[PDB]
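Structure record follows, encoded as structure tokens.
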Number of protein chains: 4
Amino acid sequence: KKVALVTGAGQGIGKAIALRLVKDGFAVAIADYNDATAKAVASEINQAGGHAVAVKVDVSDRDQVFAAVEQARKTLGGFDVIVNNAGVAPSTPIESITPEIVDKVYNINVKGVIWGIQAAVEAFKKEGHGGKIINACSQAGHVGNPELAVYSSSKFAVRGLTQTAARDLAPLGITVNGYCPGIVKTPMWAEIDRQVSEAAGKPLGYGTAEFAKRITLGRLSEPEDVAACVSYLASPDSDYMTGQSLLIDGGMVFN
Amino acid sequence: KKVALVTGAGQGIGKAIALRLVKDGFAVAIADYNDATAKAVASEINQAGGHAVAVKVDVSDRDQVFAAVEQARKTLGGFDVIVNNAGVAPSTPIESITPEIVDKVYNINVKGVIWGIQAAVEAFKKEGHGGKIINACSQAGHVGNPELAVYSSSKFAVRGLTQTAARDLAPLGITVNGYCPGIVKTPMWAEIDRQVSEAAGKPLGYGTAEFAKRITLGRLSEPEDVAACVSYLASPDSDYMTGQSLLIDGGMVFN
Amino acid sequence: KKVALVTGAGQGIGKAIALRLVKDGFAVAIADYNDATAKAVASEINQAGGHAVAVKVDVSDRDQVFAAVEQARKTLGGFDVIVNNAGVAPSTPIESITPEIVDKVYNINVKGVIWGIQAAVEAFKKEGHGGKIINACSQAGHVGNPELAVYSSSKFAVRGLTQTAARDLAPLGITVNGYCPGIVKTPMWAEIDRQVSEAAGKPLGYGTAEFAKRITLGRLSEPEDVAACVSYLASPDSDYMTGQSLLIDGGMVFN
Amino acid sequence: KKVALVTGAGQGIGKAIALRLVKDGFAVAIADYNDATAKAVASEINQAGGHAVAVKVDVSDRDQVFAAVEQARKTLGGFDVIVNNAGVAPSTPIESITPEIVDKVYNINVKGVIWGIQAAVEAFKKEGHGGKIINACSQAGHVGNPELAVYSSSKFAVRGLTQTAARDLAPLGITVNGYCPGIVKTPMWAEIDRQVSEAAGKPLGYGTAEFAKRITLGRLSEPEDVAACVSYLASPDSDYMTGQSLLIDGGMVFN
Ligand SMILES: NC(=O)c1ccc[n+]([C@@H]2O[C@H](COP(=O)([O-])OP(=O)(O)OC[C@H]3O[C@@H](n4cnc5c(N)ncnc54)[C@H](O)[C@@H]3O)[C@@H](O)[C@H]2O)c1
Ligand SMILES: NC(=O)c1ccc[n+]([C@@H]2O[C@H](COP(=O)([O-])OP(=O)(O)OC[C@H]3O[C@@H](n4cnc5c(N)ncnc54)[C@H](O)[C@@H]3O)[C@@H](O)[C@H]2O)c1
Ligand SMILES: NC(=O)c1ccc[n+]([C@@H]2O[C@H](COP(=O)([O-])OP(=O)(O)OC[C@H]3O[C@@H](n4cnc5c(N)ncnc54)[C@H](O)[C@@H]3O)[C@@H](O)[C@H]2O)c1
Ligand SMILES: NC(=O)c1ccc[n+]([C@@H]2O[C@H](COP(=O)([O-])OP(=O)(O)OC[C@H]3O[C@@H](n4cnc5c(N)ncnc54)[C@H](O)[C@@H]3O)[C@@H](O)[C@H]2O)c1
Ligand SMILES: OC[C@H]1O[C@H](O)[C@H](O)[C@@H](O)[C@@H]1O
Ligand SMILES: OC[C@H]1O[C@H](O)[C@H](O)[C@@H](O)[C@@H]1O
Ligand SMILES: OC[C@H]1O[C@H](O)[C@H](O)[C@@H](O)[C@@H]1O
Ligand SMILES: OC[C@H]1O[C@H](O)[C@H](O)[C@@H](O)[C@@H]1O
Ligand SMILES: [Mg+2]
Ligand SMILES: [Mg+2]
């Protein structure tokens, strides 16, 4: 069956995506910086009858990404979809932004996506066909969010890469799209809430409260809500879609 | 089974959407101004082993839309999705636009969508649950297309309606989204090409050639390509998406 | 020597635009269907040393718009800029939208803009040069606003017209742009607030307070803020800008 | 008189902006990594009757940007506007992108803007008032351009920073906007065309001609066209505008 590699699949949205893709019929490579959670997710999948393999990789490292993609391609017998999902999101008061903070966020969120794109392109060529590249964006990648200058800008960058890649890779039978979540219940958001709440000298949940006011559907997102959109982007039903970054955010930003 | 009503389902994109929804498991109401084609499509669906009913309706007439929706709800045993697909697309040289031309296009493309939204809202309420409203937009509803002032503006209006409706109806558990095709092989585009070519003093095909140049995927769209996107919008996989007008245009416009 | 015609110039934003354009050096035609206010504004301008003429016109009527533009062109001795500013904005709960309401709003907001574009195109042609067409849009023309389905969709339509016109008329040396205000202190907003507040059973000001929450700059808009943006759109400094609908809304929507 | 600092003002768009701001009445700090051109431009301004000072700075370095702003603030007697204009734009075939290429482009284009924002914020606070931050974006910052993955994404990031900054800094009476040029006749574009043409094995001018096909106005941009837009963004007429990245690209992208 078809093969997909999902980065940051050890937990949160990445894990949800991996599980959904397995349900969709994909054999999946669980790629993550965290060896323990990657193996835990791969095990959960295999225990339920699916086909998964854990792959340790730091997406900020170009050679590691290529190695991860090739390992998955050889082991799973193919390569049809890559989901560049791994990412970090520290809240960043503008006056306190440092070169170190920018490097950390961009090396993972932006370079990681570029490396994933390149490795997938070569993998598709070696398999002798086209493919689907799916990147993790955010509604903050469409509209700069408050207190998230570095993160928001990194996601805008991902959307830019998504669009240029869609145009440049089209002749190779490759499409490039992205998914844009809103406020999702994962350790990532919990941390943003903590930083923003603490910085405002307010109780935990304050950040969630402020951002949740802009969610039209009136509830935070489940990782599965995002995975459901990614399922479409990994399916042939999205074959005629490219360069798009879909908002699966409960209606925070409208396009 | 879940129930959906598709306007303009007698042919083209509308018919393709209806057939795809049937494959997805929906009982479908084939709504069209053309009674003969609606009945033919419904018959085809029923003879094939699916469930459908044909309803004659001019979407520009509010009472006829409510009647069509209610007939579908009673006959099919429920109402879960409405696809306001019917539309017209005459090319309109700016200096030649008349109020008659504006009325013709807007009465179907804009008013028809408003009536569909209202009728669906009442059907959902009578059923005691939420629902999905899906509107036919166009890439021309995101970026004004040359020689298509009236058509483009009508689709921008449809997207505006889609967004306000998404915000106003969210409390009722109703989502409102749209699909934006590119250049689809149906009699609608055939006519635009003929009009644009003649006005330009160029042989037939000038329109297709000019617009086709912006399609990143380098191929024209099949009605089924659009139906594949609508399938997602009709599925529970789109539950957390609202107020979006997805581009399933082969990459003509990037969002 | 430059000439501009501003529709809906009898009060609010239109009047502010007219006065600013006069300060910028334009001879201005005060177009409005309100004879009293149009003549009062023209009088105010002429008494201060400026050059203006009042012109009676219901922008929903194509012939009247052409006649108004031609009267301005002949009386003021030229025609360089048209500002299609006149508009109406009733709040419209979705369930109660009627064909009459849609017609009232669209005949003024949408058709009025089309007639203005056409009339200006002919005027520029008769003057032997190009020109600037400026349309009144709204942040609600970029993102559908709650309780404003008909109004929002009409402004989305205006933006669509702005874009197609920009592309279609470029060869004639004509640019077409729009301005998008936020919450401006004029009788129009006061009425929206009254309608929304009444519908909700809230004291006057409820609507203003709710919509104001999204204004980044934390203050309501003055008609002069909008006039300052239009000044740019009417000046040669905007010569290389076309097809754009600028947000001069205090930061409600971001592009 | 008001004070403005323009990075990359030694040539191209930056020089044009500086000269226009001088005409508008500003005292300007010519900041550039090229000491020769910076002093040459400052010299031309002072000899012609204006007030300017050359400041050497590599915008990729945070400390240097702060030092440049402070030198400008002390020497020119104030600080009211900053134009983070400096930038680089290499064409980058996706398969050939290296971490080195990304760092070079992002350290200048993205970090440079962050440092400028921070330095400006502190300068404004020290001057005891608000201010205007203006960043150089590009139409490629709204839509990913072919063969320009790294450059396009860096400009998307700039827009992201522009938006978050506008929201975060609003309380300080600071607005943050950007300008988006199209194809401008400067050494930067000349180099992009050379790279793209050589890569395609086609004569010089190939890239220029291909990209120019998307310019609605049908003519290449002059640095002064961009400076004209920045003039508006530096003037009080843009006081009620924030978080916007205006397209002064001849109509390549429409918002
Ligand atoms: N949580 C949200 O609300 C939200 C909203 C929008 C977008 N997103 C995006 O969705 C993606 C998933 O976020 P999430 O909530 O699941 O985050 P998370 O923090 O819960 O999970 C991130 C995963 O990434 C892995 N990872 C981190 N750095 C890595 C690196 N250098 N190399 C490899 N793996 C690495 C982690 O081990 C972890 O399992 C991210 O790109 C995020 O920006 C999240
Ligand atoms: N064809 C394209 O390239 C393209 C691209 C973008 C968007 N769209 C949109 O997709 C939708 C379907 O277009 P299509 O190509 O299938 O068109 P089509 O002309 O092939 O089919 C339109 C259907 O609408 C029905 N219809 C027309 N007026 C009606 C009315 N007043 N009431 C009820 N039914 C009515 C017709 O009988 C017909 O079956 C439209 O909304 C169109 O704007 C089409
Ligand atoms: N007020 C706001 O908050 C706001 C925000 C965004 C956009 N706008 C837009 O700005 C424009 C000006 O709005 P405003 O607040 O000044 O409105 P307003 O109601 O205060 O003034 C409108 C003017 O239009 C004239 N007018 C109305 N219908 C007309 C017709 N058919 N023919 C000719 N003249 C006609 C009126 O006589 C009046 O002088 C409108 O297009 C409006 O949609 C206003
Ligand atoms: N030229 C175009 O067609 C075009 C289109 C869109 C956007 N832009 C943007 O406009 C801005 C100006 O571009 P341009 O055409 O004038 O470029 P240019 O290459 O002609 O001029 C750039 C200036 O930046 C200075 N500079 C470069 N790196 C620097 C650094 N690290 N620190 C300080 N100064 C540095 C250079 O010395 C030079 O004077 C850039 O941000 C560019 O991305 C240009
Ligand atoms: O940077 C280039 C990458 O792809 C190349 O094809 C090599 O096979 C791989 O080892 C390398 O990491
Ligand atoms: O009044 C608008 C519509 O809704 C009403 O409730 C009626 O049920 C329907 O016949 C009518 O067309
Ligand atoms: O018909 C549209 C308008 O333009 C025509 O060219 C005529 O000049 C004018 O009388 C008419 O009202
Ligand atoms: O940390 C960035 C800047 O912070 C302060 O402004 C310091 O005065 C300056 O020296 C430094 O470069
Ligand atoms: Mg803070
Ligand atoms: Mg190539």
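Count begins at 1; order follows the chain as displayed.
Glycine is treated like the rest: Cβ placed from N, Cα and C.
Lifted from Swiss-Prot, the feature list:
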ACT_SITE  B:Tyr151  active site, proton acceptor
BINDING   B:5-32, B:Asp58, B:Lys155  NAD(+) binding site
BINDING   B:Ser138  substrate binding site
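Sequence-distant contacts (6 or more apart, same chain, Cβ under 8 Å) of B:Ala9 (NAD(+) binding site) comprise B:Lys15, B:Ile17, B:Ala18, B:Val28, B:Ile30, B:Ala31, B:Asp32, B:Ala38, B:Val41, B:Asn85. Counting every protein chain shown, the Cβ of B:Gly25 (NAD(+) binding site) has 12 other Cβ atoms within 10 Å. Mapped onto three states, the DSSP output places B:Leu21 (NAD(+) binding site) in helix.
In sequence order, B:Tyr151, B:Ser152, B:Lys155, B:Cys180, B:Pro181 are the residues of the chain that are 6 or more apart from B:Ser138 (substrate binding site) and have a CB within less than 8 Å of its CB. Remark: B:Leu21 (NAD(+) binding site) has B:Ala4, B:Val6, B:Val28, B:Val81, B:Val83, B:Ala227, B:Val230, B:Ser231, B:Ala234 as non-local neighbours, by Cβ distance under 8 Å and separation of at least 6 in sequence. A sphere of 10 angstroms centred on the C-beta of B:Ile13 (NAD(+) binding site) encloses 29 other C-beta atoms. Note on B:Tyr151 (active site, proton acceptor): other Cβ atoms within 10 Å of its Cβ, all shown chains, come to 26.
Under DSSP, B:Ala9 (NAD(+) binding site) is assigned to coil, being neither helix nor strand in the three-state scheme. If you take the C-beta of B:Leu5 (NAD(+) binding site) and look for same-chain residues 6 or more apart in sequence within under 8 angstroms, you find B:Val28, B:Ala29, B:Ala31, B:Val55, B:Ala68, B:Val69, B:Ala72, B:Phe79, B:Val81, B:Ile82, B:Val83. In this structure, B:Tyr151 (active site, proton acceptor) is part of a helix by DSSP. Filtering B:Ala9, B:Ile13, B:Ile17, B:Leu21, B:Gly25, B:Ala29 by Cβ distance to ligand 6 (under 6 A) retains none of these binding-site residues.
B:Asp58 (NAD(+) binding site) falls outside any helix or strand according to DSSP and counts as coil.
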